[PDB]
Amino acid sequence: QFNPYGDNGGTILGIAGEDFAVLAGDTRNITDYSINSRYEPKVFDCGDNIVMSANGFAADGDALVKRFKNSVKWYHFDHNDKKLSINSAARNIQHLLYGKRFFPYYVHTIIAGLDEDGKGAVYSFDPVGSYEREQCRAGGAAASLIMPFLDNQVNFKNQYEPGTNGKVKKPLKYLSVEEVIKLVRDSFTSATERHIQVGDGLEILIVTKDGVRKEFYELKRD
Amino acid sequence: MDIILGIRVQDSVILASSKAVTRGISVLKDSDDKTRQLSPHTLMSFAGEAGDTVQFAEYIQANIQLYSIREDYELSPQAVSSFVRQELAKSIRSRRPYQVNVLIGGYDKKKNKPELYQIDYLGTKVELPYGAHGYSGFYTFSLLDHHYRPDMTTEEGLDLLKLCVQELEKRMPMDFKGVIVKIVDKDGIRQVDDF
Amino acid sequence: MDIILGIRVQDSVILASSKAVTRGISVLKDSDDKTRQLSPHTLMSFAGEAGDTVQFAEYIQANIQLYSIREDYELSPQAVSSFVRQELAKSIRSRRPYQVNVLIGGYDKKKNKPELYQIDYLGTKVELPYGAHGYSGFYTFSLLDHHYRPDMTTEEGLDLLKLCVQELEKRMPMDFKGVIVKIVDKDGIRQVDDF
Amino acid sequence: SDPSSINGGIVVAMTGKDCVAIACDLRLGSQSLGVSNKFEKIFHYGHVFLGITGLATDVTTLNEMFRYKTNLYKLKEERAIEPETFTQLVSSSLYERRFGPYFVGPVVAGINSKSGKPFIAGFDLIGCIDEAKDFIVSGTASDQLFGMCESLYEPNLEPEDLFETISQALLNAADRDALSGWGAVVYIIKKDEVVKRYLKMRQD
Amino acid sequence: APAX
Amino acid sequence: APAX
Amino acid sequence: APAX
Amino acid sequence: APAX
Amino acid sequence: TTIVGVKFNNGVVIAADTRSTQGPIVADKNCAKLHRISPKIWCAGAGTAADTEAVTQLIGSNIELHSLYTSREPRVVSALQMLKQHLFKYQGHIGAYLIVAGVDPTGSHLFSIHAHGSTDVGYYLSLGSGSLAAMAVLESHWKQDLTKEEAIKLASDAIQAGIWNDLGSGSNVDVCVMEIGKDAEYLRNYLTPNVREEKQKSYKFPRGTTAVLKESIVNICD
Amino acid sequence: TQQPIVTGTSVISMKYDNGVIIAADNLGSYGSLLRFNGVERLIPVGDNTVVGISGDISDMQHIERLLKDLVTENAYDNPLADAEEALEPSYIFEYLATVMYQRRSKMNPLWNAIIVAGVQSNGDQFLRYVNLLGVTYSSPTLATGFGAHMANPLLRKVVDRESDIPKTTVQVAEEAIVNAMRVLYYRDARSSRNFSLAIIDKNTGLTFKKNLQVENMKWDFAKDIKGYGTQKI
Amino acid sequence: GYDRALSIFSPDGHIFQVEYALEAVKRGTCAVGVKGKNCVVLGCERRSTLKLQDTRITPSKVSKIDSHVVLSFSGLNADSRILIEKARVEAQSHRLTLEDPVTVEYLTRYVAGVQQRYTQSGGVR
Amino acid sequence: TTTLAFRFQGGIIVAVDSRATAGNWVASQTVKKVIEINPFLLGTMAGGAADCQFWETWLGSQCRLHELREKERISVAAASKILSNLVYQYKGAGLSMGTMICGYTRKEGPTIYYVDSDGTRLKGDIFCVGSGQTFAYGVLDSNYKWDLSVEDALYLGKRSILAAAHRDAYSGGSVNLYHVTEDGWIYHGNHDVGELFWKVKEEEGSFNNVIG
Amino acid sequence: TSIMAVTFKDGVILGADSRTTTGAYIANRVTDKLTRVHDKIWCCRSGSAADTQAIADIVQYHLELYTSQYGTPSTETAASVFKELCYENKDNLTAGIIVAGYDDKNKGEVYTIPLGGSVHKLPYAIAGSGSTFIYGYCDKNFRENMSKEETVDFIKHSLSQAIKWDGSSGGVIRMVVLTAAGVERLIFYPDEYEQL
Amino acid sequence: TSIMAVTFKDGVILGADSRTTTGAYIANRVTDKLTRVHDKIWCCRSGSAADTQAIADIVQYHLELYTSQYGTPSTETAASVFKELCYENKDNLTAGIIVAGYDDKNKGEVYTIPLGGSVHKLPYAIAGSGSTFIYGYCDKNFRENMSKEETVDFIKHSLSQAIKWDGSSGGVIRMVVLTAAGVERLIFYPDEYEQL
Ligand SMILES: [Cl-]
Ligand SMILES: [Cl-]
Ligand SMILES: [Mg+2]
Ligand SMILES: [Mg+2]
Ligand SMILES: [Mg+2]
Ligand SMILES: [Mg+2]
Ligand SMILES: [Mg+2]
């Protein structure tokens, strides 16, 4: 019987700071136990200071990204070149996803950019368009390995103030871009160690009010 | 849903319908009225698939009320029952059939007779002295075969109904949270408030 | 079968067990005692697959009574519970396993402490302040999490149990026909006759 | 219907400088229903520690079995069983039930009392030994534990530092698993003192 | 699809 | 059970 | 059915 | 499995 | 797994990667897939990890007893026959896929055994998920009359193809060389081309970070 | 909902310093029956693109017709059809990728794996893959079927990353491709000895070689193999 | 389907088919509505060039749309039946979905909407 | 999920948890399971995260159009029936929703409707909905009185979600609290179970099953 | 597989391809499917590699024990021992075996044992997946009392065709010659047989 | 079925057995599997009798209409119309068809259309269940530019063997000869072809 879905592996990760946000993903693409490519990007600049990744079944991921990019194009055409805010992108993507509720896109979607007050924002979606804004999200194959690390290191979960008798939590605070890139790089090397579908390369898109910058790092190729 | 009964006595039709609404391992409600007034002298009780029951009942109610307004006249219980049967008979061969069973109790004012119709989801119609849908019938039919008489009063009918509810509360596996009882006669439709 | 609960208070263990025995759409019985005395200070309630429950309970009872006669001594509740667990743990990999869940309530006379053990058909044993098997736990555990205190009297325990039975009679789909309550303490095992 | 995730729970073990740590959560449930908050998954036979995750009836059974076997070992050998040896005994005993196994994920930790070496190991349900320098993980939140351990861990931690690290790995992994948590215990094991600490964690 |  |  |  |  | 065996001039060499998987997760980064059946008969195993270890020890045990009983050094064909007849009896349910090699009074030998119990003879062999990557290399570079050093290079090259190109294989290369008239040399972690890079940050916590409820000294003594 | 009947096995390919090479054997199998032997599975489009196809041959022939119709359509009202508005490899690929994904989305796939190899008008090498699911990817080496398992590891020994492409000559790369084809003939039970190979160079253009054969095979050691273990003669 | 644009604009900005429909109303029997402090009364003339009429069965001029709303009219009698039926159906549908009978304004707005629709749809007068 | 809503002397209490799960994987601890439809209308979410979120924000748009067209706020009955008639059209397609539509209008008073994806629509004073509904019911039912003070009602609702969050593996994160009156809804905060459990254990002396 | 055995003037010749299959993957391209169960009684193996090896090993053992007690067994006897194994274990075995041997009384003999464990004595026999494609050819070209060189050619040409059409056959063509003169192993490589 | 078509010096010959099967029962022992779609374009039918008849009837209709508007269609064109039907309806059809025709420009041509609806132009083609048994034979015996008598013999001998081994083939051997000279029907009975 023909199975219209496949699984291309990889994993993605979004972190939001005070005046920036990052969207990272490995560059490995796989099916079963074979590597298809060691460098096939899956995080994209979509215009209007929005970056997007839709990880899982790549064909669905590409279709969705294409549709959203196109949605941004027509938003300009129809509303006098107005900037598509991250909250508006998120809601639009919900409708893109839920429109295929009964034949879903098999992807975990994350977008990152800046909210309307210039603060860093990360939005994540389930495959049929449930969504939520967060400081923090890992998605894809190694999500279960990385996400609890992020709860601990980004949101300081289960961490208390020493000598306060486990009564005063470690206080929340925004991270510098330098600190965030450190957590991203460590998250991915750890994920690469223990997950076979993660490796080869890491591409990070950083989003500030001056635009979108990229950084790339080698990952273990086994 | 589950328990719906009906008895026709000399001068009225009595409908008894369980109050419980259960989903999973939770009784969500214990005061549910499983009935719709179709016209001032016609009442319909219903049981079956969740959602389907009320959707069907209200849809029939809307159609009968429309007819009443259009002709300034009340359709006879026999006529209403035939309309309802046809709707269910169509439904059973649809893409998704209504899984609803009904009892229609009405007082025909032209004949001055009470009438009870039992119709299942397939559109199987029968006029009866007493009726039941679901597992209820497995206790009540035999009980009523024994105790029922054609010329009973409304009060005798209610006592006969107490017997049925008692037996069901003794031998039925489920807690159906009692019944709401309604009487249909020459003066219309009313509800007994302590049962 | 279905409902079995147990609460351990300061000086006793209280077991409450439903009285109904249902097969198909008929409640065959409303006074069933779902319990066996294993020794004078140890009581076991049980629920599960028809036939298996009593066969298992009586078999354990026979073994514990044999031990008592042989050694002229009463096995501690902890020891009895471990014996029972092993029997169920063997059973789960047999050709046909016992599908029986039990609560073992006992008063340890060496320690002067009441003890409640919850054991499922897989041989999963846990000692608890309060316990339940089947769907009952889905209402009572949270209720008991709220209202239970470790130092309650036997009377406080019974009131706490009234709360549990009330909630189950409100929200459970089935009519389980009330509970038989039994108290295990330093003076042995007795039955409360009006619950 | 998957026996390894009916009851839930986790075990993690780590090595440090002249020490080992082994920790577990305290949950025992029946699918969605939490039943017990006191169900410890770590046992010891002399100075050798065994943690067992998986089906709770088998966890209990295997503890009772290895107590039995190590007691006879001690009587005949006139010494306490060492971790390297116990690890082998665990492996033999599980593989003996190859085609009708115990649905468990055992973890061994301890210090060899002759050589002073810290030792940890993990097993599959069928007896396969996984010996490791660093950490072993087990249970329904094993993915999470692998993630936490692989990022948090560093070699040669002092006992009080190792305690923080293993605790944080357990806690944050448990909190991303619906079937693990409800309390936690951490054993810090040095050549001849063993401290046992109960952690404060979220109770949902 | 995740649930609530 | 793990593989190689 | 008739095959060839 | 290997066949010939 | 990836495993290989390569014959040469005066003996035989086997090699294996060191990755263990439980689904997509790497269970063990450095397990030993090379097993000693007798001092000069070694075994590489792929498939169900416990099965390859257990079946290798059992036959190793019986070979030792047999060697003692006969006052002779064990032969590879005895290990071969015992392994195959055992595996055949179990109709494939014991999932051991083995490359058996060694030297004995008869000479040097190389065999493979599949789990249903069929055996093969060859100058070069590969088994496991990475066997096609390895076999591509073996078919490309193998020749008649290899020296010991050529055979080692060829073997570890074949394992490397598996490490890089197969998601079921990774980490290190183990080798064992069995030369006629000499002791077998077991080269554990012969190659280590997948060393984890230095982490960006130390996650060592402030002491007292973790909230404790109780302490107590455990009694390990008598 | 389909099942492939007449099928073609691996298509293998790689980038080198000046262009791309792609190869595929001339077999059309029918299950285990090696039914047809003169099957061309590399289809050139213009003088700058070759499309290599594996999988169902009836669907391959359909795709041939689409490509040949695409060339026709591009020439319509196009005075620069053989110049600035000639079909690029990237156009041909995206068209195919679009079709493949639409057909999978209608639950009626074209049962193929496709590699589009060519050189863009600016001289850049194009190598991209698409299959019945509409999955697409690019790599310095690409292969389908057994090729993915056996050719890629060999071809990646030559070009393991982007930077290795300038360092790889057409002689080196053709050697690797031709060697990979031999290995596949040793090891793939649905391969043939005969194959075609095409080079698309940014200077020399398209060279299409038909009727190649696998040669220099090692079989001699077979004579020394007696029995399956203990047998001697 | 028959498509012709029958209701169209004339050079002076009038829609003659709508205006001629008004002429048909003008020819109709008189109807009057007066609302008191606490009631509304509907009066209707019946043209008296007709004896041998059977008044039991002859369509009355005031129609109940629901049990709390009535509608009367002047103009083409056959046309009015169509509007009354549509109005009656909408009244029941409103009860079904809103669980409340129609307001008089709502029901009026609906009937009005139907009438307007017939002034810019093809093939209908 | 665990969600509840109950009517009482002082209006309506609405309380929900914030956990989303995919199997045993805890997907989020910060889901907003109450949707604020208008200043007098609330909807609760349980079942499919997307199904609930999508159709309940769609419901808000439909309620907005009602008030533009009718120059009047929509009745709870009519708002709930839009949602129930919508999901009934999809019956069998596999939508998964258990929702409560909670609000005040002058014509109705404070009103709660339970609406689920089988097409069941029920008016009532007390409902609990979700995988943890039974746990919430146990506490809620055994302390419920019509005459609870606003203060007690808020706590009971909060405490009932806590009960379910503790015992039900698929409920947790935090409690979100609302109070609905004749003047509209009032938010009464987000309460992490992380701290709330220990606070309640200490102050109330309950949860003795737990190692203190 | 493709296998066959052919009787001729001086005895019998066995022939086979050398391909072992694991799906569409060739697990072994130089397999030896012609197997000795006694000095001048050999068999061709097809079907499951594990089953046919296990069977041949048992048969070799029986005939070794037969030899010790009663001297050289007949080819018929060897075929009977194969049958007994194949027939009695027909539910668990996938083994298509041709038995061929040389007596001095009986000259060359061929017994084929298909899946069910029936026995069939024939002048020549073909079997294995590839045999389907050469029923036509072999029936048209076989004669009795061929010479050694004619028989080698018949087998070479037949298996060449079976290998050409069957994807589950390939590699080298192996042959084993069985006469009064002893036992001769032959091998023919692709470059020779392919272009026949 | 067993069917084949062979090009030669003067044109092309089609051949077929005459067996129709309804299980192991022979529903028709004198079937005509060689079918006219135009004066000198014919086809051999295999697979479902109903499918192949329905297909051939439609093709005949298309080519009749083609003829009326544009004159005589090429054999390639006829094969294209078969393909279009077989390919587009591949899910619902069990039709293995060989198309053969004679142009005066192109001489004899053979196109085979297997199950999936692919097209393959060949010097000769064989198909049907019985064809498996004669791949060896036919590959060994076919040459290009045979004479009419050689081609009749090749087909007769080939189908004789296919019929001998295939239980789903039998009856008479029918042939249709296609040259510039016109159209010739041949038939050969069992007593002749069996003992070849
Ligand atoms: Cl073999
Ligand atoms: Cl026919
Ligand atoms: Mg990796
Ligand atoms: Mg948890
Ligand atoms: Mg919880
Ligand atoms: Mg077998
Ligand atoms: Mg072949």
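Throughout, protein chains are lettered first and strands after them, A, B, ... in sequence-line order, and every chain is numbered starting at 1.
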Chemist: Crowded around M:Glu76 CD? As in, over 12 foreign heavy atoms under 6.0 Å?
Modeler: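 Not more than 12 within 6.0 Å, no.
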Chemist: What closest approach, in Å, do M:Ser131 and M:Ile126 show between heavy atoms, and which atom pair accounts for it?
Modeler: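 Minimum heavy-atom separation between M:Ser131 and M:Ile126: O-CD1, 3.6 Å.
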Chemist: Would you say I:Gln144 and J:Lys218 are linked by a side-chain donor-acceptor pair, where the criterion is simply a distance under 3.5 Å?
Modeler: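 Looking only at side-chain atoms, I:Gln144 and J:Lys218 do not form any donor-acceptor pair under 3.5 Å.
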Chemist: Scan side-chain atoms only and decide if M:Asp166 and M:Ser129 contain a donor-acceptor pair under the 3.5 Å cut-off.
Modeler: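 A pair is found: one side chain offers a donor N or O, the other an acceptor, under 3.5 Å apart.
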Chemist: Minimum heavy-atom separation for J:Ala222 and M:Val30, please, with both atom names.
Modeler: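 It is CB-CG1, 3.7 Å.
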Chemist: Applying side chain to side chain contact (heavy atoms under 4.5 Å, CB included) to N:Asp139 and M:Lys164, what does each step give before you reach the verdict?
Modeler: CA-CA 10 Å; N:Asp139 186 62; M:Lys164 188 179 176 161; 3.1 Å; yes
Chemist: Just wondering, do M:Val183 and M:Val177 contact through their side chains at under 4.5 Å, heavy atoms?
Modeler: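 A side-chain contact is absent here, since even the closest heavy-atom pair is not under 4.5 Å.
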Chemist: Under 3.5 Å, is there a donor on one side chain and an acceptor on the other for M:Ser74 and M:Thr77?
Modeler: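 M:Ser74 vs M:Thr77: donor-acceptor pair found between side chains.
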Chemist: Please check if any side-chain donor atom of I:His116 sits under 3.5 Å from a side-chain acceptor atom of I:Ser118, or the reverse.
Modeler: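 I:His116 vs I:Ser118: no donor-acceptor pair found between side chains.
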Chemist: Return the minimal non-hydrogen interatomic distance between I:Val100 and I:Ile113, and the atom names on each side.
Modeler: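 Nearest pair, atom of I:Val100 first, then I:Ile113: CG2-CD1, 3.7 Å.
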Chemist: In Å, rounded to the nearest 0.5 Å, how long is the span from CG of M:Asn141 to OH of N:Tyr137?
Modeler: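 M:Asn141 CG to N:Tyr137 OH: 8.0 Å, rounded to 0.5 Å.
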Chemist: Could you list all the side-chain hydrogen bond (donor to acceptor under 3.5 Å, both in side chains) pairs where at least one residue sits in residues 184-196 of chain M, not counting sequence neighbours?
Modeler: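 Only J:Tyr185-M:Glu194, J:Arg193-M:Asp191, J:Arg193-M:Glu194, M:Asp32-M:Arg185, M:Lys148-M:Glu184, M:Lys156-M:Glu192 qualify under side-chain hydrogen bond (donor to acceptor under 3.5 Å, both in side chains).
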Chemist: Are N:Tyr135 and J:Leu33 packed together at the side-chain level, in the sense that at least one heavy-atom pair is separated by less than 4.5 angstrom?
Modeler: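 Sidechains of J:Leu33 and N:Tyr135: in contact.
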Chemist: Would you say N:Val152 and N:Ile13 make side-chain contact, with heavy atoms under 4.5 Å?
Modeler: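 Answer yes - side chains close enough.
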Chemist: Would you list the pairs meeting ring pair (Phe, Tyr, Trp, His ring centres under 6.0 Å) in which at least one residue belongs to residues 83-116 of chain M, sequence neighbours left out?
Modeler: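 Qualifying pairs: none.
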Chemist: Looking only at heavy atoms, what is the nearest atom pair of N:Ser46 and N:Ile3, with distance?
Modeler: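 Taking every non-hydrogen atom into account, CB-CD1, 3.6 Å.
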Chemist: So, using salt bridge (charged side-chain N to carboxylate O under 4.0 Å, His left out) as the criterion, who are the partners of M:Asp10 when residues are at least two apart?
Modeler: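 Applying salt bridge (charged side-chain N to carboxylate O under 4.0 Å, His left out) to M:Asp10 gives none.
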Chemist: Using modelled atom types only, decide if a donor and an acceptor are shared between the side chain of M:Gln60 and the backbone of M:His38 within a distance under 3.5 Å.
Modeler: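 Absent.
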Chemist: Take J:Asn194 and J:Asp25, measure what side chain to side chain contact (heavy atoms under 4.5 Å, CB included) needs, and give me the verdict at the end.
Modeler: CA-CA 6 Å; J:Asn194 296 112; J:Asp25 67 30; over 6 Å; no
Chemist: Test of understanding: with side chain to side chain donor-acceptor pair (under 3.5 Å), list the residues that count as partners of M:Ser147, not counting sequence neighbours.
Modeler: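 Residues passing side chain to side chain donor-acceptor pair (under 3.5 Å) with M:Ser147: M:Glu150.
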Chemist: Check the side chains of N:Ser2 and N:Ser169 for a donor-acceptor pair under 3.5 angstrom, ignoring hydrogens and angles.
Modeler: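 There is such a pair between these side chains.
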Chemist: Under the 3.5 angstrom rule, does the side chain of J:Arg187 hit a backbone N or O of M:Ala27 as a donor-acceptor pair?
Modeler: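 Yes; at least one donor-acceptor contact below 3.5 Å.
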Chemist: Any chance you could lay out the side chain to side chain contact (heavy atoms under 4.5 Å, CB included) test for M:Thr75 and M:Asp103, step after step, and finish with the verdict?
Modeler: CA-CA 7 Å; M:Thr75 310; M:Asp103 286 284; 3.5 Å; yes
Chemist: Between J:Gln231 and M:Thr35, is the side chain to side chain donor-acceptor pair (under 3.5 Å) condition met? List the steps.
Modeler: CA-CA 8 Å; J:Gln231 180 176 301; M:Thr35 295; 4.5 Å; no
Chemist: Given side chains that start at C-beta, do those of M:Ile187 and M:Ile173 come closer than 4.5 Å, heavy atoms only?
Modeler: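 No, too far: nothing below the 4.5 Å cut-off.
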Chemist: Hey, do the aromatic rings of M:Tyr124 and M:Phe142 have their centres closer than 6.0 Å?
Modeler: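 Yes, the ring centres sit under 6.0 Å apart.
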Chemist: Output all residues satisfying ring-ring contact (aromatic ring centres under 6.0 Å, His included) with M:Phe188, sequence neighbours left out; order by chain, then residue number.
Modeler: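 So M:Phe188 forms no ring-ring contact (aromatic ring centres under 6.0 Å, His included) with any residue.
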Chemist: Is M:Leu14 close to M:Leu178 at the side-chain level, that is, under 4.5 Å between some pair of heavy atoms?
Modeler: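 With C-beta onward as the side chain, the pair touches.
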Chemist: Hey, what do you get for CD1 (N:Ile163) to OG (N:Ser168), rounding to the nearest 0.5 Å?
Modeler: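 One finds 12.0 Å between CD1 of N:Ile163 and OG of N:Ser168.
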Chemist: Please name the pair of heavy atoms, one in N:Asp17 and one in N:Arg19, separated by the smallest distance, quoted to 0.1 Å.
Modeler: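 Scanning both residues completely, I find the closest heavy atoms to be OD2-N, 3.1 Å.
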Chemist: Find out whether M:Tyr61 and M:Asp57 are in side-chain contact, i.e. whether some heavy atom of one side chain is under 4.5 Å from a heavy atom of the other.
Modeler: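 A side-chain contact is absent here, since even the closest heavy-atom pair is not under 4.5 Å.
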Chemist: Looking at J:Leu184, is its backbone amide N or carbonyl O close enough to the side chain of J:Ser191 to form a donor-acceptor pair, meaning the two atoms are under 3.5 Å apart?
Modeler: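 Checking the backbone N and O of J:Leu184 against the side chain of J:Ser191, a donor-acceptor pair under 3.5 Å is found.
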Chemist: Have M:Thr20 and M:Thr31 got a donor and an acceptor in their side chains that come within less than 3.5 Å?
Modeler: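 On atom types as modelled, these side chains qualify, holding a pair under 3.5 Å.
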Chemist: Do any pairs count as a ring pair (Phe, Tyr, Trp, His ring centres under 6.0 Å) and have a residue in residues 212-233 of chain J, sequence neighbours left out, and if so which ones?
Modeler: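 For residues 212-233 of chain J: I:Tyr124-J:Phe221, I:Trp142-J:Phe221, J:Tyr186-J:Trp219.
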Chemist: Quick check: do J:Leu27 and J:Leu34 have side-chain heavy atoms less than 4.5 Å from each other?
Modeler: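 Contact flag for J:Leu27/J:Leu34 side chains = yes.
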Chemist: Compute whether any side-chain donor of one residue and acceptor of the other, for J:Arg190 and J:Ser29, lie under 3.5 angstrom apart.
Modeler: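 Checked: J:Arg190/J:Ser29 side chains show no N/O donor-acceptor pair below 3.5 Å.
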Chemist: Which atoms form the tightest heavy-atom contact between N:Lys33 and N:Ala16, and what is the distance?
Modeler: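 Taking N:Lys33 first and N:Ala16 second, the nearest heavy atoms are CB-CB, 4.0 Å.
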Chemist: Would you say that more than 12 heavy atoms from the other residues, nucleotides or ligands in this model lie under 6.0 Å from the CD of M:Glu144, or not?
Modeler: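 Count not over threshold, so no.
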Chemist: Tell me, do M:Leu186 and M:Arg174 make a side-chain contact under 4.5 Å, heavy atoms counted?
Modeler: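 A side-chain contact under 4.5 Å is absent here.
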Chemist: Should we say atom OH of M:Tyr66 is surrounded by more than 12 heavy atoms from elsewhere, each under 6.0 Å from it?
Modeler: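 For M:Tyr66, atom OH is crowded (more than 12 foreign heavy atoms under 6.0 Å).
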Chemist: Assess whether atom NZ of M:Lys9 is packed by more than 12 heavy atoms of other residues, nucleotides or ligands within 6.0 Å.
Modeler: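 Atom NZ in M:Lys9 is not crowded, with 12 or fewer foreign heavy atoms closer than 6.0 Å.
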